[PDB]
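Heads up, the thing below is written out as structure tokens.
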Amino acid sequence: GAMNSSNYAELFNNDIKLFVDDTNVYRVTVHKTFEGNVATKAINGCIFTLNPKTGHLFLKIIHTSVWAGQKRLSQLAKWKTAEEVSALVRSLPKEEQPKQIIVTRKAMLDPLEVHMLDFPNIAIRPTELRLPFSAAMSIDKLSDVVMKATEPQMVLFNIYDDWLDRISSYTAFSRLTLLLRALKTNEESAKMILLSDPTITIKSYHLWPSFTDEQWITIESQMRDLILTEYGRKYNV
Amino acid sequence: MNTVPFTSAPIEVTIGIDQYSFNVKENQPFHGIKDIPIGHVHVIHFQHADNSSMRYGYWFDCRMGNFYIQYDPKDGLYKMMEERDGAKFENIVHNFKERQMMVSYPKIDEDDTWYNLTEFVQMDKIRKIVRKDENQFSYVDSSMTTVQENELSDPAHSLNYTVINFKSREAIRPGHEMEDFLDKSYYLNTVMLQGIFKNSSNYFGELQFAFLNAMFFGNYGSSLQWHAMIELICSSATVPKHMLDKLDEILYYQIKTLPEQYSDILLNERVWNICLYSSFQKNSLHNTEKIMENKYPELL
Ligand SMILES: CCN1CCN(c2ccc(N)cc2)CC1
């Protein structure tokens with residue numbers, strides 16, 4: 001059934017599962033034409049497919065050429081997502097295939113179910129959580145590889161860097177969702193928080209800075225502050 | 001004209017014959033129904049006055065034998081039976097008619113309703129949906145489940161309607177996932193019409209039979225099949241023009257005959273709003289859209 005606050009620790013059990021977020025698959029800029037009409041220009045996008053237990057991220061880059069000559073692109077984007085997720089599963093060894101796929105938007109349920117008819121034993125599930133994965137393109141290294149791609153490409157990341165060496169996957173996912181919620185609510189401030197101290201660097205093979213345990217507590221507190229603030233600045237409270 | 005005699009009427013019962021019905025009192029001198037039109041299937045159906053639960057009945061075609069009704073006090077229902085002795089049967093009927101103990105099938109001459117509701121319905125196809133090979137007639141009741149309902153529990157007592165499932169490998173060609181799900185013409189024309197039903201007349205016959213079982217017996221399973229078969233056509237961009245014109249006539253007469261007070265449980269707002277206003281065929285069902293909008297504008 002639907003994933004929510006009640007069955008939240010199920011994410012960190014030992015059944016393989018993937019989140020699929022399609023919010024950055026079809027991306028456009030809207031602009032004026034010489035005649036004063038409006039038109040869109042697509043830019044590169046990505047499917048965000050995440051194992052929340054391990055941090056493994058399958059980032060399928062969606063090159064703008066896939067939209068050439070196509071109609072109803074917002075609908076096609078959902079089916080393209082489902083096609084690519086289905087191809088990913090088929091490419092994995094049987095023992096690495098997920099037992100559940102959780103989509104962050106309910107409009108992905110029918111496209112993914114139809115593409116996965118060959119896999120009747122993989123459950124396709126929605127969620128009532130309002131997860132902040134759209135903010136994945138605020139991670140500088142992820143945005144960079146998407147915008148530089150000249151062709152369709154899959155790039156593998158661990159979105160938790162090395163955190164699992166020191167913390168549980170429950171705690172890692174909570175940190176990730178806090179960082180992404182912050183970046184979604186006020187990207188400039190969030191990014192200032194994460195980089196203010198030039199002595200803390202991002203390793204070449206990492207996405208986030210190399211914070212000590214104590215510095216992560218400070219960071220995490222600054223992100224909570226930011227999120228509550230903006231929630232006042234927004235609702236005047 | 002044909003006759004279905006009754007041995008007796010020992011329990012108070014409402015008796016239906018096609019779209020007609022009448023009340024028989026306990027131990028009333030009722031000995032059956034005469035003047036039944038030859039050339040059509042018919043259904044004779046029953047609701048006991050004490051247990052409105054279980055509507056039940058029998059589909060039959062008088063050209064296929066001499067049939068009569070006899071109450072069984074052990075099984076507690078009116079049963080159809082075949083009389084093989086033709087002279088015994090003619091003798092029985094003639095005496096009951098002479099004593100005027102039969103009701104007349106009360107057809108208005110102008111009235112084509114029953115033809116229009118059963119145009120494509122054939123006894124031979126009914127008997128493949130309702131498997132009871134030793135009888136020439138078919139029993140149906142309110143509680144019988146369909147083969148597809150039993151996949152989601154007695155197989156001999158099921159309605160073996162053709163299974164339609166829009167998220168199934170049969171419906172979806174590998175590599176045409178989006179195309180086939182959003183435009184079901186492949187599934188309608190190749191899988192179902194060419195492959196399974198062979199022609200549109202058999203498709204329409206099952207659709208009409210499903211509707212009639214839903215209406216007369218409150219069979220929910222028949223209702224799901226009826227809605228599924230409409231939706232498969234309406235969700236196909238490519239449908240033969242003659243099929244669409246005929247479907248509009250079929251559905252018009254079904255909506256016309258439906259009891260106004262049963263639309264609450266017999267009509268599915270989703271399928272109808274989709275079919276009439278969003279689907280490929282939203283502009284192809286003029287007669288059906290007009291009666292639906294004047295008779296059931298609430299649903300829409
Ligand atoms: C107002 C509640 N409606 C829910 C849908 N509707 C329905 C009718 C027929 C079938 N097969 C399935 C559903 C009953 C009325």
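Naming works like this for the structure tokens: A, B, ... for the chains as they're shown, residue 1 at the start of each chain, ligands 1 onward in shown order.
Residues within 7 Å of region 29-35 of chain B, counting only C-alpha atoms and excluding same-chain residues fewer than 3 positions away, are residues 1, 2, 3, 4, 5, 6, 7, 8, 9, 96, 101, 102, 103, 104 and 105 of chain B.
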If you count only C-alpha atoms, which residues fall within 10 Å of region 92-108 of chain A, apart from same-chain ones fewer than 2 positions away, as a PDB file with C-alpha atoms, in the first residue's frame?
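This is the output file part.pdb:
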ATOM      1  CA  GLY A   1       0.000   0.000   0.000  1.00  0.00           C
ATOM      2  CA  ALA A   2       0.926   3.677   0.326  1.00  0.00           C
ATOM      3  CA  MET A   3       4.080   4.611   2.222  1.00  0.00           C
ATOM      4  CA  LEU A  11      12.705   1.756   4.244  1.00  0.00           C
ATOM      5  CA  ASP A  15      14.158  -6.006   1.454  1.00  0.00           C
ATOM      6  CA  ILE A  16      15.664  -4.228  -1.553  1.00  0.00           C
ATOM      7  CA  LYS A  17      13.618  -1.160  -2.490  1.00  0.00           C
ATOM      8  CA  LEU A  18      14.024   1.905  -4.698  1.00  0.00           C
ATOM      9  CA  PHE A  19      12.473   5.345  -4.648  1.00  0.00           C
ATOM     10  CA  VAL A  20      11.798   6.750  -8.130  1.00  0.00           C
ATOM     11  CA  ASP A  21      11.376  10.508  -8.524  1.00  0.00           C
ATOM     12  CA  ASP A  22      10.450  11.881 -11.962  1.00  0.00           C
ATOM     13  CA  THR A  23      10.236  15.624 -11.095  1.00  0.00           C
ATOM     14  CA  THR A  49      16.293   6.383  -8.476  1.00  0.00           C
ATOM     15  CA  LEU A  50      17.527   5.853  -4.931  1.00  0.00           C
ATOM     16  CA  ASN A  51      18.103   2.849  -2.617  1.00  0.00           C
ATOM     17  CA  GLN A  75       2.853  12.656 -20.408  1.00  0.00           C
ATOM     18  CA  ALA A  77       8.114  11.946 -19.583  1.00  0.00           C
ATOM     19  CA  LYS A  78       6.232   9.664 -17.192  1.00  0.00           C
ATOM     20  CA  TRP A  79       6.373   6.752 -19.654  1.00  0.00           C
ATOM     21  CA  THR A  81      10.772   7.295 -16.759  1.00  0.00           C
ATOM     22  CA  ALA A  82       8.954   3.972 -16.460  1.00  0.00           C
ATOM     23  CA  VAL A  85      13.387   2.170 -14.576  1.00  0.00           C
ATOM     24  CA  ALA A  87      15.397  -1.296 -18.224  1.00  0.00           C
ATOM     25  CA  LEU A  88      17.444  -0.696 -15.050  1.00  0.00           C
ATOM     26  CA  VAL A  89      15.740  -3.518 -13.190  1.00  0.00           C
ATOM     27  CA  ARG A  90      16.218  -5.910 -16.124  1.00  0.00           C
ATOM     28  CA  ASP A 110       0.187   3.291 -14.064  1.00  0.00           C
ATOM     29  CA  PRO A 111       3.174   3.904 -16.386  1.00  0.00           C
ATOM     30  CA  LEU A 112       5.505   1.940 -14.091  1.00  0.00           C
ATOM     31  CA  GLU A 113       2.989  -0.862 -13.474  1.00  0.00           C
ATOM     32  CA  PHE A 119       7.765  -8.525 -12.885  1.00  0.00           C
ATOM     33  CA  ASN A 121       6.358  -9.941  -7.834  1.00  0.00           C
ATOM     34  CA  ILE A 122       7.741  -6.352  -7.678  1.00  0.00           C
ATOM     35  CA  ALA A 123       5.295  -4.140  -5.781  1.00  0.00           C
ATOM     36  CA  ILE A 124       4.771  -0.632  -7.167  1.00  0.00           C
ATOM     37  CA  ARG A 125       3.780   1.726  -4.360  1.00  0.00           C
ATOM     38  CA  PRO A 126       2.911   5.378  -3.857  1.00  0.00           C
ATOM     39  CA  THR A 127       3.764   7.402  -0.794  1.00  0.00           C
ATOM     40  CA  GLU A 128       2.057  10.071   1.273  1.00  0.00           C
ATOM     41  CA  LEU A 129       5.419  11.545   2.256  1.00  0.00           C
ATOM     42  CA  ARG A 130       6.254  14.840   0.553  1.00  0.00           C
ATOM     43  CA  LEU A 131       9.860  13.951  -0.127  1.00  0.00           C
ATOM     44  CA  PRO A 132      12.212  16.685  -1.300  1.00  0.00           C
ATOM     45  CA  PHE A 133      13.984  14.772  -4.078  1.00  0.00           C
ATOM     46  CA  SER A 134      13.198  17.490  -6.634  1.00  0.00           C
TER      47      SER A 134
END
Let me see if you get this right: every residue at most 9 Å from ligand 1, counting only C-alpha atoms and all ligand atoms, written as an mmCIF file with C-alpha atoms, in the first residue's frame.
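Heads up, here's the output in result08.cif:
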data_model
loop_
_atom_site.group_PDB
_atom_site.id
_atom_site.type_symbol
_atom_site.label_atom_id
_atom_site.label_comp_id
_atom_site.auth_asym_id
_atom_site.auth_seq_id
_atom_site.Cartn_x
_atom_site.Cartn_y
_atom_site.Cartn_z
ATOM 1 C CA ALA B 214 -26.728 -6.984 -14.258
ATOM 2 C CA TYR B 220 -22.190 -7.010 -9.910
ATOM 3 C CA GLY B 221 -19.850 -9.328 -11.873
ATOM 4 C CA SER B 222 -22.050 -8.922 -15.018
ATOM 5 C CA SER B 223 -21.957 -5.129 -14.402
ATOM 6 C CA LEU B 224 -18.095 -5.101 -14.335
ATOM 7 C CA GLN B 225 -18.011 -7.086 -17.649
ATOM 8 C CA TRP B 226 -20.582 -4.737 -19.267
ATOM 9 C CA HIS B 227 -18.587 -1.571 -18.257
ATOM 10 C CA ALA B 228 -15.271 -3.195 -19.285
ATOM 11 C CA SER B 263 -28.798 3.838 -11.624
ATOM 12 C CA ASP B 264 -27.281 4.381 -8.107
ATOM 13 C CA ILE B 265 -25.813 0.785 -8.128
ATOM 14 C CA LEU B 266 -25.974 -0.208 -11.898
ATOM 15 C CA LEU B 267 -24.149 2.775 -13.536
ATOM 16 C CA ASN B 268 -20.415 3.549 -12.882
ATOM 17 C CA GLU B 269 -19.906 7.393 -13.059
ATOM 18 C CA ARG B 270 -16.192 6.995 -14.021
ATOM 19 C CA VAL B 271 -16.606 4.795 -17.136
ATOM 20 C CA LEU B 299 -24.159 10.928 -12.571
#
If we count only C-alpha atoms, which residues of chain B reach to within 8 Å of chain A? Please list them as a list in words.
residues 167, 168, 169, 172, 177, 178 and 181 of chain B
Selection export as a short mmCIF file (atom, residue, chain, number, x, y, z; two decimals), in the first residue's frame, atoms kept: N, CA, C and O atoms:
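out-v1.cif was written with the following content:
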data_model
loop_
_atom_site.label_atom_id
_atom_site.label_comp_id
_atom_site.auth_asym_id
_atom_site.auth_seq_id
_atom_site.Cartn_x
_atom_site.Cartn_y
_atom_site.Cartn_z
N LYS B 167 -4.41 -3.75 -17.73
CA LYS B 167 -2.99 -3.82 -17.31
C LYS B 167 -2.59 -5.29 -17.24
O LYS B 167 -2.44 -5.88 -16.17
N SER B 168 -2.47 -5.88 -18.42
CA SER B 168 -2.18 -7.29 -18.57
C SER B 168 -1.27 -7.44 -19.77
O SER B 168 -1.27 -6.60 -20.67
N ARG B 169 -0.48 -8.51 -19.78
CA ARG B 169 0.36 -8.72 -20.94
C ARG B 169 -0.47 -8.93 -22.20
O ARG B 169 -0.04 -8.54 -23.28
N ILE B 172 -1.08 -5.46 -23.69
CA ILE B 172 0.03 -4.53 -23.82
C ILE B 172 1.14 -5.25 -24.57
O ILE B 172 1.70 -6.23 -24.05
N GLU B 177 4.18 -0.14 -24.74
CA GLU B 177 3.51 0.04 -23.45
C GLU B 177 2.65 1.30 -23.44
O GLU B 177 1.45 1.25 -23.14
N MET B 178 3.25 2.45 -23.70
CA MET B 178 2.49 3.68 -23.64
C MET B 178 1.44 3.69 -24.73
O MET B 178 0.29 4.09 -24.49
N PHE B 181 -1.50 1.25 -23.91
CA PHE B 181 -2.28 1.57 -22.73
C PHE B 181 -3.16 2.79 -22.98
O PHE B 181 -4.33 2.82 -22.56
#
Give me, please, the distance in Å between CA of residue 10 (chain A) and CA of residue 164 (chain A), quoted to one decimal.
17.6 Å
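The neighbours of region 273-289 of chain B here are the residues that come within 8 Å of it, using only C-alpha atoms and leaving out any residue fewer than 6 positions away in the same chain; they are residues 230, 231, 234, 235, 236, 237, 244, 245, 247, 248, 249, 251, 252, 255 and 300 of chain B.
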Test item, helix (DSSP H, G or I) assignment across region 9-186 of chain A, answer as a PyMOL selection string:
chain A and resi 9-12+64-67+73-91+94-96+106-115+133-138+140-148+163-165+169-185
Those same residues - C-alpha atoms - I'd like them written as a PDB file, in the first residue's frame.
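File written: result-v9.pdb
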ATOM      1  CA  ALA A   9      11.197   2.188   9.236  1.00  0.00           C
ATOM      2  CA  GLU A  10      10.332  -0.294   6.459  1.00  0.00           C
ATOM      3  CA  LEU A  11      12.705   1.756   4.244  1.00  0.00           C
ATOM      4  CA  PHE A  12      15.690   0.489   6.251  1.00  0.00           C
ATOM      5  CA  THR A  64      16.983  16.852 -24.665  1.00  0.00           C
ATOM      6  CA  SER A  65      17.234  14.867 -27.913  1.00  0.00           C
ATOM      7  CA  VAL A  66      14.746  12.354 -26.527  1.00  0.00           C
ATOM      8  CA  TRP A  67      12.014  14.996 -26.835  1.00  0.00           C
ATOM      9  CA  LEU A  73       5.947  15.822 -23.442  1.00  0.00           C
ATOM     10  CA  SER A  74       4.747  15.918 -19.822  1.00  0.00           C
ATOM     11  CA  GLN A  75       2.853  12.656 -20.408  1.00  0.00           C
ATOM     12  CA  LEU A  76       5.680  11.099 -22.389  1.00  0.00           C
ATOM     13  CA  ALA A  77       8.114  11.946 -19.583  1.00  0.00           C
ATOM     14  CA  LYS A  78       6.232   9.664 -17.192  1.00  0.00           C
ATOM     15  CA  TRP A  79       6.373   6.752 -19.654  1.00  0.00           C
ATOM     16  CA  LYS A  80      10.043   7.414 -20.498  1.00  0.00           C
ATOM     17  CA  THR A  81      10.772   7.295 -16.759  1.00  0.00           C
ATOM     18  CA  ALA A  82       8.954   3.972 -16.460  1.00  0.00           C
ATOM     19  CA  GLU A  83      10.768   2.589 -19.523  1.00  0.00           C
ATOM     20  CA  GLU A  84      14.178   3.515 -18.080  1.00  0.00           C
ATOM     21  CA  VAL A  85      13.387   2.170 -14.576  1.00  0.00           C
ATOM     22  CA  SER A  86      12.177  -1.095 -16.163  1.00  0.00           C
ATOM     23  CA  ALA A  87      15.397  -1.296 -18.224  1.00  0.00           C
ATOM     24  CA  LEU A  88      17.444  -0.696 -15.050  1.00  0.00           C
ATOM     25  CA  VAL A  89      15.740  -3.518 -13.190  1.00  0.00           C
ATOM     26  CA  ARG A  90      16.218  -5.910 -16.124  1.00  0.00           C
ATOM     27  CA  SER A  91      19.918  -5.006 -16.180  1.00  0.00           C
ATOM     28  CA  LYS A  94      18.105 -11.183  -9.936  1.00  0.00           C
ATOM     29  CA  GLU A  95      19.413 -10.933  -6.366  1.00  0.00           C
ATOM     30  CA  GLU A  96      19.874  -7.145  -6.776  1.00  0.00           C
ATOM     31  CA  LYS A 106       1.055   8.949  -8.028  1.00  0.00           C
ATOM     32  CA  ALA A 107       0.948   9.738 -11.740  1.00  0.00           C
ATOM     33  CA  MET A 108       3.906   7.358 -12.120  1.00  0.00           C
ATOM     34  CA  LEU A 109       1.927   4.368 -10.836  1.00  0.00           C
ATOM     35  CA  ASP A 110       0.187   3.291 -14.064  1.00  0.00           C
ATOM     36  CA  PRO A 111       3.174   3.904 -16.386  1.00  0.00           C
ATOM     37  CA  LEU A 112       5.505   1.940 -14.091  1.00  0.00           C
ATOM     38  CA  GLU A 113       2.989  -0.862 -13.474  1.00  0.00           C
ATOM     39  CA  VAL A 114       2.491  -1.343 -17.236  1.00  0.00           C
ATOM     40  CA  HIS A 115       6.227  -1.345 -17.909  1.00  0.00           C
ATOM     41  CA  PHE A 133      13.984  14.772  -4.078  1.00  0.00           C
ATOM     42  CA  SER A 134      13.198  17.490  -6.634  1.00  0.00           C
ATOM     43  CA  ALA A 135      16.016  19.424  -4.961  1.00  0.00           C
ATOM     44  CA  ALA A 136      18.551  16.864  -6.210  1.00  0.00           C
ATOM     45  CA  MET A 137      19.492  19.307  -8.944  1.00  0.00           C
ATOM     46  CA  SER A 138      20.684  21.688  -6.204  1.00  0.00           C
ATOM     47  CA  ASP A 140      26.329  20.899  -7.533  1.00  0.00           C
ATOM     48  CA  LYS A 141      28.010  17.730  -8.770  1.00  0.00           C
ATOM     49  CA  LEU A 142      24.671  16.172  -9.812  1.00  0.00           C
ATOM     50  CA  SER A 143      23.570  19.316 -11.661  1.00  0.00           C
ATOM     51  CA  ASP A 144      26.959  19.483 -13.394  1.00  0.00           C
ATOM     52  CA  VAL A 145      26.857  15.989 -14.870  1.00  0.00           C
ATOM     53  CA  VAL A 146      23.254  16.468 -16.052  1.00  0.00           C
ATOM     54  CA  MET A 147      23.941  19.795 -17.787  1.00  0.00           C
ATOM     55  CA  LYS A 148      27.193  18.606 -19.419  1.00  0.00           C
ATOM     56  CA  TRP A 163      28.201   8.396   6.302  1.00  0.00           C
ATOM     57  CA  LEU A 164      27.138   4.766   6.724  1.00  0.00           C
ATOM     58  CA  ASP A 165      30.608   4.101   8.244  1.00  0.00           C
ATOM     59  CA  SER A 169      20.677   4.288   7.231  1.00  0.00           C
ATOM     60  CA  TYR A 170      17.717   5.698   9.163  1.00  0.00           C
ATOM     61  CA  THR A 171      19.915   8.556  10.367  1.00  0.00           C
ATOM     62  CA  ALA A 172      21.545   9.005   6.934  1.00  0.00           C
ATOM     63  CA  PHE A 173      18.170   9.235   5.199  1.00  0.00           C
ATOM     64  CA  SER A 174      16.956  11.730   7.805  1.00  0.00           C
ATOM     65  CA  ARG A 175      20.045  13.875   7.186  1.00  0.00           C
ATOM     66  CA  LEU A 176      19.610  13.645   3.414  1.00  0.00           C
ATOM     67  CA  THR A 177      15.946  14.637   3.527  1.00  0.00           C
ATOM     68  CA  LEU A 178      16.786  17.533   5.865  1.00  0.00           C
ATOM     69  CA  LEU A 179      19.521  18.798   3.563  1.00  0.00           C
ATOM     70  CA  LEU A 180      17.279  18.493   0.539  1.00  0.00           C
ATOM     71  CA  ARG A 181      14.294  20.132   2.250  1.00  0.00           C
ATOM     72  CA  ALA A 182      16.572  23.073   3.126  1.00  0.00           C
ATOM     73  CA  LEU A 183      17.926  23.383  -0.400  1.00  0.00           C
ATOM     74  CA  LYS A 184      14.345  23.268  -1.707  1.00  0.00           C
ATOM     75  CA  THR A 185      13.064  25.997   0.636  1.00  0.00           C
TER      76      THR A 185
END
Can you check which residues of region 1-230 of chain A DSSP gives as strand (DSSP E or B) on the backbone and send them as a PyMOL selection string?
chain A and resi 3+17-21+27-32+38-43+45-50+56-62+100-103+123-125+127+153-158
File of the preceding selection, C-alpha atoms, as a PDB file, in the first residue's frame:
ATOM      1  CA  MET A   3       4.080   4.611   2.222  1.00  0.00           C
ATOM      2  CA  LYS A  17      13.618  -1.160  -2.490  1.00  0.00           C
ATOM      3  CA  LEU A  18      14.024   1.905  -4.698  1.00  0.00           C
ATOM      4  CA  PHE A  19      12.473   5.345  -4.648  1.00  0.00           C
ATOM      5  CA  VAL A  20      11.798   6.750  -8.130  1.00  0.00           C
ATOM      6  CA  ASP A  21      11.376  10.508  -8.524  1.00  0.00           C
ATOM      7  CA  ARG A  27      12.698  20.441 -17.617  1.00  0.00           C
ATOM      8  CA  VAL A  28      12.045  23.597 -19.644  1.00  0.00           C
ATOM      9  CA  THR A  29      12.749  27.294 -19.767  1.00  0.00           C
ATOM     10  CA  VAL A  30       9.773  29.408 -20.901  1.00  0.00           C
ATOM     11  CA  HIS A  31      10.596  32.394 -23.120  1.00  0.00           C
ATOM     12  CA  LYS A  32       9.136  34.933 -25.550  1.00  0.00           C
ATOM     13  CA  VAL A  38       5.617  32.026 -25.651  1.00  0.00           C
ATOM     14  CA  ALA A  39       7.668  28.909 -26.285  1.00  0.00           C
ATOM     15  CA  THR A  40       9.569  26.372 -24.237  1.00  0.00           C
ATOM     16  CA  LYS A  41      13.138  25.172 -24.618  1.00  0.00           C
ATOM     17  CA  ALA A  42      13.882  21.833 -22.981  1.00  0.00           C
ATOM     18  CA  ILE A  43      17.042  21.350 -20.950  1.00  0.00           C
ATOM     19  CA  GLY A  45      16.915  16.212 -17.080  1.00  0.00           C
ATOM     20  CA  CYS A  46      17.345  13.165 -14.909  1.00  0.00           C
ATOM     21  CA  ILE A  47      15.536  10.307 -13.246  1.00  0.00           C
ATOM     22  CA  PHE A  48      16.350  10.070  -9.508  1.00  0.00           C
ATOM     23  CA  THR A  49      16.293   6.383  -8.476  1.00  0.00           C
ATOM     24  CA  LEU A  50      17.527   5.853  -4.931  1.00  0.00           C
ATOM     25  CA  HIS A  56      23.077   3.998  -4.079  1.00  0.00           C
ATOM     26  CA  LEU A  57      21.715   6.490  -6.611  1.00  0.00           C
ATOM     27  CA  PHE A  58      21.080   5.469 -10.239  1.00  0.00           C
ATOM     28  CA  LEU A  59      20.987   8.872 -11.993  1.00  0.00           C
ATOM     29  CA  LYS A  60      19.715   8.367 -15.551  1.00  0.00           C
ATOM     30  CA  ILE A  61      20.433  11.518 -17.486  1.00  0.00           C
ATOM     31  CA  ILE A  62      17.652  12.498 -19.927  1.00  0.00           C
ATOM     32  CA  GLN A 100       9.320  -2.799  -4.160  1.00  0.00           C
ATOM     33  CA  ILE A 101       9.541   0.443  -6.150  1.00  0.00           C
ATOM     34  CA  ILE A 102       8.093   3.513  -4.415  1.00  0.00           C
ATOM     35  CA  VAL A 103       7.170   6.416  -6.749  1.00  0.00           C
ATOM     36  CA  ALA A 123       5.295  -4.140  -5.781  1.00  0.00           C
ATOM     37  CA  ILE A 124       4.771  -0.632  -7.167  1.00  0.00           C
ATOM     38  CA  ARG A 125       3.780   1.726  -4.360  1.00  0.00           C
ATOM     39  CA  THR A 127       3.764   7.402  -0.794  1.00  0.00           C
ATOM     40  CA  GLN A 153      23.951   8.419 -19.829  1.00  0.00           C
ATOM     41  CA  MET A 154      23.596   6.573 -16.473  1.00  0.00           C
ATOM     42  CA  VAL A 155      25.861   7.774 -13.648  1.00  0.00           C
ATOM     43  CA  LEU A 156      26.099   5.962 -10.283  1.00  0.00           C
ATOM     44  CA  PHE A 157      26.550   7.839  -7.009  1.00  0.00           C
ATOM     45  CA  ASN A 158      26.309   7.138  -3.282  1.00  0.00           C
TER      46      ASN A 158
END
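The two atoms in question, CA of residue 202 (chain B) and CA of residue 176 (chain B), are spaced 27.4 Å apart.
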With a distance cut-off of 12 Å and only C-alpha atoms, select the neighbouring residues of residue 197 (chain A), excluding the residue or stretch itself and same-chain residues fewer than 5 positions from it, and output the selection as a list in words.
residues 191, 192, 202, 209, 210, 211, 215 and 219 of chain A
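Taking CA of residue 166 (chain A) as the reference point, CA of residue 214 (chain A) is found at 12.2 Å.
By only C-alpha atoms, and with residues fewer than 3 positions from residue 49 (chain B) along its chain excluded, the set lying at most 7 Å from it is residues 12, 13, 14 and 52 of chain B.
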